[PDB]
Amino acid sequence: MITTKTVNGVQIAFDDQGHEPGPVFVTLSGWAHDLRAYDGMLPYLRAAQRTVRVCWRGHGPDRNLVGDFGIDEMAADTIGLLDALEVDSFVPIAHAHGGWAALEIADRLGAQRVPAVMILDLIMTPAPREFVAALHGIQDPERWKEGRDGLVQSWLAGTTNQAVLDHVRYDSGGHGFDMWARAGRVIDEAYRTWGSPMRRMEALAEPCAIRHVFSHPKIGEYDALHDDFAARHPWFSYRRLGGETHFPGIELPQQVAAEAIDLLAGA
């Protein structure tokens, strides 16, 4: 099933399924997990379009520690893989902070090559100070596991969804302080540089169609910030989903797949 290519001199794991014409779905996971984040959505995505599920460097089957990297590399690697696989136009689907690389990829290639982007459960406000507090705790060699269990318990929010539970408990092993510390750095730095992902989006040369789908962030006035953003910018849309967890693509695979297909159709 799982194939690899060397891109930018590092090993990128992926799989490539489907032959329908049109834009390719490219799945991009969050930090510390791999293309199994999209097992639930995959049957629906691959029926609709060629779907390429992409792993970050250091996240494939080879779990040796890699040279330090962040969002520039995640985007350079994913783009290099797609050129090698002769993927022309494509629609990134990106989980939480993988959204940052998805937007970097959209900015580098333009709206004809990347006509749309879906983001799942990415904090659109500036970084809350509780979050920044945990981003530092996972950079602590003696307490990073503490920070991880803390982030996870709030991601689960006491769900009973077996897909989400199994994925967190069982399907994201083999990472440790190196990768969790790096996630801390890269995320912490992304919010310090841009302020928030919405400000990153407004800095896009020619914004493609962007859709944020989420269930957690809040309740909430988080929503009015989206309405507000969506009213300012025709290319932005969004959809609160009513899941219990930070993992809408796993908790609600058909609905999220439906959203991606709709997003693609529109563009």
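Numbering starts at 1 and follows the sequence shown.
Enquirer: Mean C-alpha B-factor higher for 212-220, or for 31-39?
Expert: On average, C-alpha B-factors are higher across 212-220.
Enquirer: According to the deposited model, is the average Cα temperature factor higher in 201-209 or in 64-72?
Expert: 201-209 has the higher mean C-alpha B-factor.
Enquirer: Looking at 91, 101, 84, 122, which has the biggest Cα B factor in the entry?
Expert: Reading the PDB entry, the winner on C-alpha B-factor is 122.
Enquirer: For the listed 188, 107, 130, 178, which has the peak Cα B-factor recorded in the PDB entry?
Expert: The record points to 130.
Enquirer: Tell me, lowest, middle or highest third: where does the Cα B factor of residue 79 rank within its chain?
Expert: Answer is lowest: the recorded C-alpha B-factor places it there.
Enquirer: What third of the chain, by the recorded C-alpha B-factor, contains residue 236?
Expert: Its C-alpha B-factor belongs to the middle third of this chain's values.
Enquirer: Compared with the other modelled residues in the chain, in which third is the CA B-factor of residue 267?
Expert: For residue 267, the deposited C-alpha B-factor lands in the highest third.
Enquirer: Divide the modelled residues of the chain into thirds by Cα B-factor and specify which third, lowest, middle or highest, holds residue 44.
Expert: Middle third of the chain for residue 44's C-alpha B-factor.
Enquirer: If you rank the chain by CA B-factor, which third does residue 184 end up in: lowest, middle or highest?
Expert: For residue 184, the deposited C-alpha B-factor lands in the lowest third.
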